[PDB]
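Here's the structure we're looking at; comments come further down.
All of the numbers you see were taken from the coordinates with simple rules; none came from a lab. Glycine also receives a Cβ, built like all others from the backbone with ideal geometry; neighbour counts cover every protein chain displayed.
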Amino acid sequence: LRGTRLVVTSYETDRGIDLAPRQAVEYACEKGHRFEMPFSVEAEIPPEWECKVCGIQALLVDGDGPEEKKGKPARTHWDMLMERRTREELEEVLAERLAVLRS
Amino acid sequence: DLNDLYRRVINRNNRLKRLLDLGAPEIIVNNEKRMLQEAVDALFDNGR
Amino acid sequence: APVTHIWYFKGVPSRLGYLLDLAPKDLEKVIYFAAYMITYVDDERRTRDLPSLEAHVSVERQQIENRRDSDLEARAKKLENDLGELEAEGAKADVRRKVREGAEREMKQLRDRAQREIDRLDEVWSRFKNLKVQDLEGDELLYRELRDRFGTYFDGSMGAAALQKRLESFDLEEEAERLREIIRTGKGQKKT
Amino acid sequence: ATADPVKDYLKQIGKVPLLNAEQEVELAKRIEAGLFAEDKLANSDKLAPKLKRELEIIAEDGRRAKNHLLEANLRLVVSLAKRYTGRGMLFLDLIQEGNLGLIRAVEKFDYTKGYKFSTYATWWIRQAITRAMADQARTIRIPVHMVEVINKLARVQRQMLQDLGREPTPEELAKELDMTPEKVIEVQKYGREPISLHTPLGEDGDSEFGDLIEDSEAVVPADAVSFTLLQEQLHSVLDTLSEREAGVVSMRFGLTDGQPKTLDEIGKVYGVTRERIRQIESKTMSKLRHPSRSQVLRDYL
């Protein structure tokens, strides 16, 4: 039989090569974890990353990251109740339930 | 055959994570937890 | 959720059983969500507050007996009303006695229910008296009853979380000293 | 704790009895009133402690009603999920997915339509079960629409085979399914299940299917030594060339460093013009591409 893992290789070595320049950017975690990351000089620095210690969101040493609201927390039972029913129906069922409870 | 066991573990774990924060009765939550433990047990030692 | 390692649970001898002194059947029942385990009890507080709980249960039993005698009086009044309603009526014995037999059976089953519930109250009381750590507890209904009655003064759990909580607060040195003393003094299968 | 968990779950779910239509309507009303009381509490009106206590009590009652409905209806999920058994997913996984579907349905049910609760729950349970089986049934996942197409093709092929009495040809299915034969064969190919590397093929039970697969992307020592010899021999041929020729060739092709520099970069070192770098390189290629130095390098190509 013949088989191949989807992996590519090159006839090439580490000796006798000059490495391109890189810059170390520092990131900090909420709990105090700090780490360094090497990036190419001809690169853009993203504002947010994941931590190398506890796998939580982390920002740069200098903070310039605001919050943009995401639109998909809506799903609850309350908003569906608003969508399905008007306020008067909820008020009258509420009044009936209080009446029977205090009865 | 290790990919299947890892997939079982991850599926059960993700479903449990969804159930816990969704808010559910103790019956199905406990059943999910039992399934997760059995999945991990089958991963480590199978048929024991 | 935490999970257990099968090697340190199943392989004979059960290492968890030996360390915690739990029979393998009890451990298997606990980890696989079939019975609760008590992981904490406040002995000094319950010993101090025992008089209040005793007073509460005695008051409950006295109220139960009061309700029992009230029910007896109500049943007697109902029987007298039935007798007055069907005194001048002329019919066969069974026709006029069926309702009285039904009322008597109702009273019998009512007092049987009262006896059963006071007995189960006593059972719960006794169970609370002799509660200790690593005490497995099936019969979900009984656990819920005991929790709602006296939810404070102890904690219970299920699954590998209970075993984790126990292993966290476990004094190895004291148990080792106890084992060494028993080995020095005790003899028989206990020593082995 | 028993070796079989399916029996344990089945015997556990049956303790809670069933419910009637009026009970369902009353429970739904309790849920509605409890949630509206919860919203009123969310509002910052002080009101009175007794009214607040009553509102909290009815909210707890509504929560209890929702729970009770769920335990009562778990049996419907169990009944529905049993006809999807097989096809990869196990029984309990299907049951739990159906339970999630039932919870979703209970979250979005109303009694003004005057229908028994079983219908909406059945629709949502089947939807959830089929979606889950579409997403968690194959090691190499396939989108929902492709799985639907595969199922449609399989059903059509089975029906054609049963009715006609022969195996349908690709053209027959293509004209029946209204798609090109290439699409038909592609859909047939996508659906296959991977074999296992641990299937024993040794009659005595020692070998496995995975012990006879050759690592195709494995460094063959002969090839590595051949490439090393080629690399060492290439430099010597450049050595006999003049200094400038070898230098410009090496910089242009980056043999020494691996970075092919531009013509301006090469000319910066020697100070010659761009056009000069263009010409000097050409003469070197003409020299090497001659019947006087090619023999040393012909074999390696």
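Placing dummy labels 7 Å off each Cα toward the beta-carbon, the span from D:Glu148 to C:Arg184 is 7.8 nm.
Within the same chain, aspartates and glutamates fewer than 8 places from D:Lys189 are excluded, and of the rest, those with a Cα less than 19 Å from its Cα are D:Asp135, D:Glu148, D:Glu167, D:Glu171, D:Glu172, D:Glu176, D:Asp178. Neighbour counts of other Cβ atoms within 10 Å put B:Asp4, D:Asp135 in the fewest-to-most order B:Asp4, D:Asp135.
Each other residue within a Cβ distance under 13 Å of D:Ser216 adds +1 if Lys or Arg and -1 if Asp or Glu, for a net charge of -2. Can you list the trypsin sites (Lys or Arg not before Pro) in the stretch D:158-207 that are in a DSSP coil and have 14 or fewer other beta carbons within 10 angstrom? Filter output for the stretch D:158-207: D:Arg166, D:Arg192. Listed by chain and number, the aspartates and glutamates whose C-alpha is less than 20 Å from the C-alpha of A:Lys72, apart from same-chain residues fewer than 8 away, are A:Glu83, B:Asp21, D:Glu107. To test your reading of the geometry: what angle, between 0 and 90 degrees and rounded to tens, separates the Cα axis of helix D:21-42 from the longest principal axis of chain D? Value to nearest ten degrees: 70. If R0 is 56 Å, the Cβ-Cβ spacing of C:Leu172 and D:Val225 corresponds to a FRET efficiency of close to 0.40.
A simple spin-label model places pseudo-atoms 7 Å from Cα toward Cβ; at A:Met37 and D:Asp178 they are separated by 5.0 nm. Which residues in the stretch D:228-245 place their backbone N less than 20 Å from a point set 7 Å from the Cα of D:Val269 along the Cα-to-Cβ direction? D:231-245, by backbone N distance to the label point. Projecting the Cα positions of D:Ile103, D:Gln127, D:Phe91 onto the charge dipole of the stretch D:83-140 (unit charges on Cβ atoms of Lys, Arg, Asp and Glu, taken about the Cα centre) puts D:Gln127 furthest along the positive direction. By the scheme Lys and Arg +1, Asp and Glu -1, what is the net charge of all other residues having a beta-carbon under 11 Å from that of C:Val41? In short, -2.
Give B:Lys33/D:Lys11; B:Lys33/C:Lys29; A:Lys70/D:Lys66; D:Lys46/D:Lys66; B:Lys17/D:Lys152 a once-over and call out the pairs whose C-alpha atoms are over 22 Å from each other. From the list (B:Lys33/D:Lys11; B:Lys33/C:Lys29; A:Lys70/D:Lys66; D:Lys46/D:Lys66; B:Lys17/D:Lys152), the Cα-Cα distance tops 22 Å for A:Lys70/D:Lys66; D:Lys46/D:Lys66; B:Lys17/D:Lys152.
Calculated FRET efficiency, D:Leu10 to C:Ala23, Cβ-Cβ distance, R0 = 25 Å: about 0.35 to the nearest 0.05. Mean residue ellipticity at 222 nm, helices only, chain C: -23000 deg cm²/dmol; runs of at least 4 DSSP H residues each add -39,500 (n - 2.57), and the sum is divided by the number of residues. With both labels modelled 7 Å from their Cα along Cα-to-Cβ, the C:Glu89 to D:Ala21 distance reads 3.8 nm. Relative to the longest principal axis of the Cα atoms of chain B, the long axis of helix B:2-22 makes an angle of roughly 10 degrees.
Length available on full extension from C:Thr152 to C:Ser126: 0.36 nm per residue minus the Cα-Cα distance, which gives 7.7 nm. Label zone (D:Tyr190, point 7 Å along Cα-to-C-beta; backbone nitrogen cut-off 16 Å) within the stretch D:125-156: D:134-156.
The ranking of D:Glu176, D:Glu214 from fewest to most other beta carbons within 10 Å of each one's beta carbon is D:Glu214, D:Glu176. Of all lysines in the structure, the ones whose alpha carbon falls short of 19 Å from that of A:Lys31, not counting any fewer than 8 places away in one chain, are A:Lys52.
Each Cα pair under 8 Å and six or more residues apart adds its separation to the average, and for chain A the resulting relative contact order is 17 percent. Taking every residue in B:18-30 and counting other chain Cβ atoms within 10 Å of its Cβ, the average works out to 5. For chain C, the longest principal axis of the C-alpha atoms and the axis of helix C:140-150 are separated by about 90°.
If you plug the beta carbon distance of C:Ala1 and D:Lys52 into 1/(1 + (r/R0)^6) with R0 = 30 Å, you get a FRET efficiency near 0.30.
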